[PDB]
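J.: curious how this folds, go ahead:
(chains A, B, C, D and E, ligands or ions: 3)
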Amino acid sequence: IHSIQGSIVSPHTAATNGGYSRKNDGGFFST
Amino acid sequence: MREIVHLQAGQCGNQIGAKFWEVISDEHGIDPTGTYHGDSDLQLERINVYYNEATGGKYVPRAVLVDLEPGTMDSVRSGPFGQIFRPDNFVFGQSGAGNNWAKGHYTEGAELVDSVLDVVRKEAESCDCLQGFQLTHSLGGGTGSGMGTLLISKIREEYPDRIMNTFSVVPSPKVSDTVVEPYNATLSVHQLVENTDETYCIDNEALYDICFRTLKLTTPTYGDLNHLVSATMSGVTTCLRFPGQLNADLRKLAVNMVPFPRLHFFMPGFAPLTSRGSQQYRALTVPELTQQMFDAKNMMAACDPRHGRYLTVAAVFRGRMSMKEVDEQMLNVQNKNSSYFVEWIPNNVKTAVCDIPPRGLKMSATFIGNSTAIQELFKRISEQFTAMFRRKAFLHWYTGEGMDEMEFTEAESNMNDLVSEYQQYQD
Amino acid sequence: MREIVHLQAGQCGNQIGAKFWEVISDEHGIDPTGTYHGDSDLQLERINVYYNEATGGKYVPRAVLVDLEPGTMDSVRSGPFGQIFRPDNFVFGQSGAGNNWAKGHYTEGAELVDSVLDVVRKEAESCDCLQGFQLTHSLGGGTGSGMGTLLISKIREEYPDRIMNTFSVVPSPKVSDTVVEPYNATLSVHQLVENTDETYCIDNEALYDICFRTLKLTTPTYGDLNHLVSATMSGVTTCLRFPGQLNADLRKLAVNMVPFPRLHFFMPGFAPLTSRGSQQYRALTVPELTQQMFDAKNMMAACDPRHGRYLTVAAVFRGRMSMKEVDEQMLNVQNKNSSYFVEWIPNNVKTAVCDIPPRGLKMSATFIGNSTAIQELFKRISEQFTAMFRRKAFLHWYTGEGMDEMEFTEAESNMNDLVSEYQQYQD
Amino acid sequence: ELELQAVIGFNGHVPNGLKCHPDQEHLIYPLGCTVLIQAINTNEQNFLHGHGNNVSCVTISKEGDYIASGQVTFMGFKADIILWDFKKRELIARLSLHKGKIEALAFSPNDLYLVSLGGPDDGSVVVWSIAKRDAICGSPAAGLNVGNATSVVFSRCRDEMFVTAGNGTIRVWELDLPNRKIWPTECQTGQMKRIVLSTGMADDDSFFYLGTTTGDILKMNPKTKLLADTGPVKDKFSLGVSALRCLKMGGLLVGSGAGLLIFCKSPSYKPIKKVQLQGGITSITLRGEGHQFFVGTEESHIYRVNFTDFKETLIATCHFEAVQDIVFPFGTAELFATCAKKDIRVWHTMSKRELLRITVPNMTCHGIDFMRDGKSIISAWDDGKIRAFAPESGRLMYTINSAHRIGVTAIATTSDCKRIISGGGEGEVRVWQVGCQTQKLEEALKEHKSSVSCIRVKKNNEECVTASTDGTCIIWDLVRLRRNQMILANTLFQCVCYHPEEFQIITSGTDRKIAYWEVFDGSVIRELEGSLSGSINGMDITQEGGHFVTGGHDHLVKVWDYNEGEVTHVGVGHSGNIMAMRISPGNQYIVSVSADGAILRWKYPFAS
Amino acid sequence: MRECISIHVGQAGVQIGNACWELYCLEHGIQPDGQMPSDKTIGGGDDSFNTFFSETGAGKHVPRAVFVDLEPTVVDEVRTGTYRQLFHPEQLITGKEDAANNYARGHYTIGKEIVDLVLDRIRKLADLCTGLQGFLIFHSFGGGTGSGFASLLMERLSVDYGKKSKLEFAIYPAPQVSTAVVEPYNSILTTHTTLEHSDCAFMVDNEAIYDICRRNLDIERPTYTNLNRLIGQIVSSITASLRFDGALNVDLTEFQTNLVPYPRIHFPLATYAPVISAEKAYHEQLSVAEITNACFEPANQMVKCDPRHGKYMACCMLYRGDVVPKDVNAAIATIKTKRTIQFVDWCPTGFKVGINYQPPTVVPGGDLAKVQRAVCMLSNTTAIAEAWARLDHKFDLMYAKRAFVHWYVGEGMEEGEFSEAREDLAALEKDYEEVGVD
Ligand SMILES: Nc1nc2c(ncn2[C@@H]2O[C@H](COP(=O)(O)OP(=O)(O)OP(=O)(O)O)[C@@H](O)[C@H]2O)c(=O)[nH]1
Ligand SMILES: Nc1nc2c(ncn2[C@@H]2O[C@H](COP(=O)(O)OP(=O)(O)OP(=O)(O)O)[C@@H](O)[C@H]2O)c(=O)[nH]1
Ligand SMILES: Nc1nc2c(ncn2[C@@H]2O[C@H](COP(=O)(O)OP(=O)(O)OP(=O)(O)O)[C@@H](O)[C@H]2O)c(=O)[nH]1
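T.: Residues are numbered from 1 along each chain as shown, chains lettered A, B, ... in the order given. Ligands and ions are numbered 1, 2, ... in the order given. The protein structure is shown below:
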């Protein structure tokens, strides 16, 4: 279940990208 | 990103905040519990300016409500959106200040500032880069004024690089109910003029007037008044949260408004208000919209600047619109009364354009003026203060609290400074 | 392999270790009867940190409980997990403790040392290769102190090569109930500082503070207190038994913690503190988790370190983490208050990442700190000792026990030595 | 209203949920937000509904004329108790006074009044008068210094006495009729502090017993209100004693959470009869007098036992998890297969009879499909693997090992039975050649960058389309091995289906819409709103364009017309969010499967 | 013929190892059974694996490396993992105690009884290997256990076999991040113990790794998955020389010689230009000019030592894929004409180049692009010395107050070594300035 290394869940729905992270302050950053 | 944290001071602020917030939420289409129902992609994008996020699609907001009487806030909790409001933010006192601005200002606050500062610094570090924050209360609000003074005083040196909105409703000139209100008003404003940058002037009597004019529904609620003013504040905030051809920055708006540090006070003005037949008796055209906008009857914030003069004007329009109409309409008014403005700087206008319409109507606007329309108000406060301090009535309580009349002396000197500066700048 | 064997003394430790084992068994997924239900392969593998397999799929605790009054362990046996432990494991006394330090230190212990030494060496040979042992008791426990002194003293010359973890709880500063509690605490600590290496600090009053703040179910139990403190202790123990990118060794941590042999006492820092609505009102994220961790209210140990400065700090995150967020959060605290740390040595942060989350939650954390907040506590106890010995109150009991006055001299002298050393560094 | 014919499932997570009617002919249980009554012999099904949420608790009147039910709702909200007429199968009454949840219901012995136990935050008992449609009274159940109570039970000779128990709390009451008031009395238990799992009252009311959380048995005299005797001197049973049952003469039936079904006595509680079963025991009850009787597991297994020989019969079961997908053999409406956690199950439709099970150690499924010949079955596992199994033996033909690395979510096998098209969680789509002996990497297509949800291969065996968790769909050149065209939307595309002429494609992503897109050039055909609450997890379109079906979080299966584009039939009762649609060839039934593990063969309303 | 042995210490190194063997099994398409498919590859160990694995007639590849570990959890996990059948049981040398970050704990307490074991592993690899050109050391300066065992084993292999090569790789002290303050202690211990024997050390920093990651790889939350992916890609790029053939062939010995102007300093930096996301590669283009620009871009170095504060002495570039020497020398001539890049007067030439035809393929579960032209860059400059200045001013204050030294003196040392290391340092800096200056 947890002993898996394939990805890390973003705490928010990146579909909306609620935690808007910018491309080092330059654009989009989720996936 | 850049964000704002909301502040809810004084018992008026308590209700006005719940109203404003349900206005925001109903604009944003979330159910009261918080499980939103996707309709609006744009606000879906831009929600993070004003809400934070939880698990399972819940949009936890960012504000602090402060007061002393638990019943008011439990009534708020029983209000339609207590489930959206946070016990984390439910900070309060176990008593009352007796509406004694000084009791709050030195005694009661001394032990609640701790918790409120903890909460606000938690919020500040949780967020990354505020534009700043806004405050909602009454200048005549005893607890509101007392707490607001201290909190603004602290937060200035805390973060001196941020925006500090003050929405404070002005008590009725005709009746004050609370008669120590002139005391509290001058006391607060003495430090307010030093501290704040943007202040809103709002008057219950003028709200009653508009009720008689277009609302016309005989029996309104202070809640409906809250509806109106919350609509105004929503209008002034939407520019940040929305697309549209306009620089939304309230700092840019402020620097538009300020050649001078001492111009702190501002008179909001909203856009269409309607009767029950004029929905279908009114044709939505920008010309009549703006003609309605600039009206002494439309003037609701402080009073008619008719006897005064128009210093600076900033009009924002909301909904789809074209540049041509706004340009020509400003030329129209510029030339209709070029005399009625001030020659110091021509073209005292800045206009803003949000393309996104409101919900329930298509074309709307807001307008904020800083004109010569507060001389009446502070000259009134002057006569009241002078008459009071000929004999110093009710002052023994404030002595027992431990202050002195000398504070009142510098306050009245400060407001005389305000008198002279306003008058000398206008004439 | 490398394992630990536990010491449970003192009438508080009686409840504490019971809560401890029930918590760890809840973690490890075994029925109260001992027949393990295969759910977690890794914990099945690494149960040998604590438990020793018997016949028929049951693993015996490597814990030794000691006390003097039968009814204590009898109620323990009446507890839901008394069956887990052995009548082989139940060493005890044949008399009344009297809650007298010297009574527990000289007469009664003189003939139970043999039994306890035999049992502990029994378990020592039973296990193969050891890091050390941990003890659970109270410094305010008049029998836990009396027995722990002797047993630690003897195991010292037994094996000076292992890690001698100590977990004693502090009586209430506002009310000690036991009026000779200063006598007890001084007597214990004077040689405990000589002996031990690692020590934990807990204040019941601070626990009550926490309960008022966030628990809000009105009426807790000291059992609930045990639930929380056992949660913290279990969490700090989890490192060894679990995989993941963390160097679990308590020695790996202690070498980091101790630049100077005189440093022994350490305060905890825990992870989410939840209330009625915060569950659904909370998005479990590392940033806010770090914020909460470094918060005076969340620090639960003794009193406010706000008065002073931090020497060394060690954080462990449990669950699904990454190096980057924890590193940047350490940077964020470093930037926010480089002042509040010590110029003496930079970068006093020691970090661990346990991969296996606990049950009922996803993200958790623990923190152990060495800073200047015990100062008020021990200066309190010092002035208490002065005020009680000045007129030698309640002395005849200890005289008849066989004590004289001379030892108190170097007892309080060692206390003041520690006082002067701590202040000599931190200022 | 879309009409149902067959139902498969039971909420194996309700302690003491299964009930037996006094007729000795109706076996009754809650099914999510639906309540089901079952003919023991003729297996006819009877559903009632109207529940605002999934049903939590239930009880039958001694006459078996009245059914008390109660659901679980969200925090800060009231839950619903519904009284039902049995012979009428009709909603007598609804009440909503407690908040949070309701966990214990109780008919008075003479069916005079009702007892309801509210949620832990509610924490109150309330008695209601059937004669006059109102609560008699209520009170916070326990004293302030105790944990939460668990289960209530009336007396067996008085409607004015009853007991409840829980976290170290044990109380009995007296119904003070003239004052309409409650009188509590907590019991003494010496130093045994325990928490109750199961409760039972003596028919003669001489005593009453409880299985604790620790797997001990408590014997209790009510009149003295004194502890009588305890459980097994030694050898308690792991995972406590979840359920219980007394016997008319004496002796107790005990079910442990360890799936240990026993009968024992008292003076010794020594195990008289033992069988170990499959699924922690959640309910036990007696058919009339209990010479034959039934038990229900956490694994949602149903066993019928005659006490005489003490052997069991698993007579019903279902997937206890989120059934990730279902599929049918091609052209027929006689059987199908269902993926879920721990297993796959092939079932026969009209008998609802599980034809075959697959023991799958330590696994959750995501994707499945048949093969066209009725000889091979292909799967898609969250461990990044694939498997192939025989059609009527269910034996592992092959395990494609590390077929993916972040799991396998979306599967498809070609009608020609030669190629496998797969979309995964990393964003890959691999097509591979197959055989009975060897399977090798055709290629690992790498275009998507999140999880993939659904696949649809064109009947020409030349194109393919896929819905995934990034907002992108790709129609693909199966032959040239390159994207044909792209469909990006303000959604996270989850379910997709073609057009029979293949000139349209119908989709529902996360945008709560149904979309028709034209394959020719890339211009949208039509938009409509699909789910009034949530997304549409499954769609299925008629082979000839008459209709289609959409369903999901809205718990409504919605047959829409295709030549009209309008909601033609809606079916409800699905408590789990409805996960997948499957069309019986022959135009006979839809099979709707929901995340609760409810499988529903809804009958064909229109004409076939 | 052409092969090398690798050594891997500490739970620091264990996961990075396991990852890089995953990488090797990928590029060879190795199967977890232990044998290749129906393709004809098996022998006595003379093919693409001949340098890497040891596939005897049994058909089972045996990689040419050793893991020494002291913390059983990780080694048991990998023993329970996927490739344990590939892995010979006891070459996973496992210990039962941990060095508590103490270089000397790992250097005296447990090492003696384990270094003999490791030596036997060495000699039993030595008999079977033929060319064994050198040794690839995977350790860490912030070694909780990677420090002391690495030091003493290097001592023993230096004294026994001084004719061959040993190539060293650690994680460096972060300029500002410290998970330990025993870190300067043991880092400097290892450095000064290695100064007189260590051959050539190449250094990496996962801060800068993440910096590049969120710089262009779009991943806000990578892990050692990606970390080890990239560092193993670097070492794979350097060993492609052995694996395939190319336009020209270069060897570790030439790396040493042409990378040592003068002794003491053997601590250059690597930088890999063509790092990009899959989609950005999809809709952009790659060429030697911009990859050269990036590889000499100041932030693209995986160490935050400023090039425009430093002066360069040695530079080596190696490409994989399809290019022409015409444009290659064109780009290098443009760089020579460029004024920002500053070699010293002492060397007119400062470049050594290598080329391979083989394009490194893509890895399943990877994150990079689909490369057709790649380049790795190993260069030694003067800018690194600030990384030692920071350590020395960090170290002098704490040594002047004698913090945590009580542990070491109790478990059997003194401060004479700590003294020695300080002027060893001072010598290394002063030499760095004396060679940077003209
Ligand atoms: N919320 C609310 N406030 C009102 C209403 N009508 C008048 N007010 C005024 O709003 C003022 C602001 O309230 P607060 O800022 O909370 O004042 P305070 O510090 O609590 O002291 P008080 O002015 O005595 O209430 C009050 O002084 C009232 O005079 C109303 O209908 N609702
Ligand atoms: N177990 C338990 N201990 C408590 C509780 N409240 C306070 N304590 C304190 O924990 C202390 C430690 O107990 P012991 O070390 O066994 O004390 P002692 O030497 O046996 O004698 P006394 O401390 O005087 O009872 C006691 O002194 C109590 O004062 C509680 O609720 N439960
Ligand atoms: N090489 C490596 N370093 C890591 C890894 N994860 C974190 N690090 C950093 O590298 C350091 C690892 O060195 P050590 O902790 O001394 O490892 P060790 O010497 O084998 O002994 P331990 O204390 O048991 O780990 C840590 O301090 C981290 O800062 C990893 O997976 N591999």
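J.: so the helix or strand encompassing residue B:192, near ligand 1 or not?
T.: Taking DSSP states H and E as the criterion, residue B:192 maps to helix B:181-195. No - if you take CB under 6 Å from any ligand atom as the test, helix B:181-195 misses ligand 1, and the best it gets is 7.3 Å. Placement of C-beta: from N, CA and C, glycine included.
J.: can you list contacts of that helix?
T.: The contact list for helix B:181-195 (CB atoms under 8 Å, 6 or more residues apart in numbering or on different chains) reads B:99, B:101-102, B:105, B:139-140, B:142, B:145-146, B:148-149, B:152-153, B:156, B:164, B:166, B:171, B:176, B:178, B:199, B:262, B:264, B:381, B:384-385, B:388, B:394, B:398, B:407-408, B:410-412, B:414-415, B:418.
J.: swap in 6 Å and give it another go.
T.: Applying CB atoms under 6 Å, 6 or more residues apart in numbering or on different chains, the contact partners of helix B:181-195 are B:101, B:139-140, B:142, B:145, B:149, B:152, B:171, B:264, B:384-385, B:411, B:414.
J.: residue in chain B nearest to chain E?
T.: Closest approach between chain B and chain E, counting by CB to the nearest CB: residue B:128, at 13.9 Å.
J.: give me the phi and psi for that residue.
T.: Backbone dihedrals for residue B:128, given as degrees, to the nearest 10, come out at phi -100, psi -60.
J.: count of neighbours near it?
T.: 10 (other CB atoms under 10 Å in any protein chain shown).
J.: residues near the residue nearest to it when sequence neighbours are not counted, how many?
T.: The shortest distance from residue B:128 to any non-neighbouring residue, by CB to CB, 6 or more residues apart in numbering or on different chains, is to residue B:1 (6.8 Å). Using other CB under 10 Å, residue B:1 is surrounded by 14 other residues.
J.: doesn't residue E:406 belong to a helix?
T.: Yes - counting by DSSP: H, G, I helix; E, B strand; the rest coil, residue E:406 is found in a helix.
J.: grab the nearest non-local neighbour of it.
T.: Using CB to CB, 6+ apart, the closest residue to residue E:406 is residue C:261 (6.0 Å).
J.: look at whatever residue of chain D ends up closest to chain A and tell me its secondary structure.
T.: Nearest residue of chain D to chain A: residue D:406, at 3.8 Å (CB to the nearest CB). Following three-state DSSP, we place residue D:406 in the coil state.
J.: and the residue of chain A found nearest ligand 1, what element?
T.: Closest approach between chain A and ligand 1, counting by CB to the nearest ligand atom: residue A:18, at 33.1 Å. Under the criterion DSSP H and E, no helix or strand holds residue A:18.
J.: got the contact list for the residue of chain D closest to chain A?
T.: With CB under 6 Å, 6+ apart, residue D:406 has these contacts: A:6, D:425, D:426.
J.: list phi and psi for the closest residue to the last one other than its chain neighbours.
T.: The one in question is residue D:426. Using CB to CB, 6+ apart and skipping residues adjacent in sequence, the residue nearest residue D:426 is residue D:406, 4.4 Å away. When read as degrees, to the nearest 10, the backbone of residue D:406 gives phi -100, psi 20.
J.: distance check, residue D:406 against residue B:364.
T.: Residue D:406 sits at a distance of 49 Å from residue B:364 (criterion: CB to CB, to the nearest Å).
J.: tell me if the longest strand along chain B is near chain C.
T.: Scanning chain B for the strand with the most residues, using DSSP state E, yields strand B:129-138. No - judged by CB under 6 Å from any CB of the partner chain, strand B:129-138 stays clear of chain C, getting no closer than 13.6 Å.
J.: so how far is the helix or strand following that strand from its chain's centroid?
T.: As assigned by DSSP H and E, the chain's next helix or strand after strand B:129-138 is helix B:142-158. Relative to its parent chain, helix B:142-158 has a centroid offset of 16 Å by CA atoms, centre = their mean, to the nearest Å.
J.: now stretch D:122-140
T.: 30 Å.
J.: now stretch D:454-467
T.: Taking mean C-alpha positions (CA atoms, centre = their mean), stretch D:454-467 and its chain are 32 Å apart.
J.: how many neighbours does the closest residue to ligand 3 within the stretch 151-300 of chain D have?
T.: Ligand 3 sits closest to residue D:238 of the stretch 151-300 of chain D, with a gap of 37.4 Å, by CB to the nearest ligand atom. Neighbour count for residue D:238, taken as other CB under 10 Å: 19.
J.: looking at this, it is in a helix?
T.: No - counting by three-state DSSP, residue D:238 is located in no helix; its state is coil.
J.: where along the stretch 201-350 of chain E do the helices fall?
T.: Assigned by DSSP state H, counting those that start in this stretch, the stretch 201-350 of chain E shows helices spanning E:206-212, E:224-243, E:252-259, E:278-282, E:288-295, E:325-337.
J.: which one of those lies nearest to chain D?
T.: Smallest distance to chain D across the helices of the stretch 201-350 of chain E (CB to the nearest CB): 7.3 Å, for helix E:278-282.
J.: contacts for the closest one next, please.
T.: With CB under 6 Å, 6+ apart as the test, helix E:278-282 has contacts from residue E:369.
J.: name the SS class of the most centrally placed residue in chain E, please.
T.: Computing the C-alpha centroid of chain E and ranking residues by CA atoms, centre = their mean puts residue E:169 first, at 3.3 Å. Secondary structure assignment for residue E:169 (three-state DSSP): strand.
J.: quick one on the thing from earlier: I'd say the residue of the stretch 151-300 of chain D closest to ligand 3 and residue C:32 touch.
T.: No - assessed by CB atoms under 6 Å, residue D:238 is found out of contact with residue C:32, at 7.9 Å.
J.: who touches the residue in the stretch 51-200 of chain B that chain D sits nearest to in this structure?
T.: Using CB to the nearest CB, the single residue of the stretch 51-200 of chain B nearest to chain D is residue B:83, 5.8 Å away. Under the criterion of CB under 6 Å, 6+ apart, the neighbours of residue B:83 are B:33, D:76.
J.: change it to 10 Å
T.: For residue B:83, the contact set (CB atoms under 10 Å, 6 or more residues apart in numbering or on different chains) comprises B:31-34, B:58, B:77, C:277, C:280-281, D:74-77.
J.: all set now, cheers.
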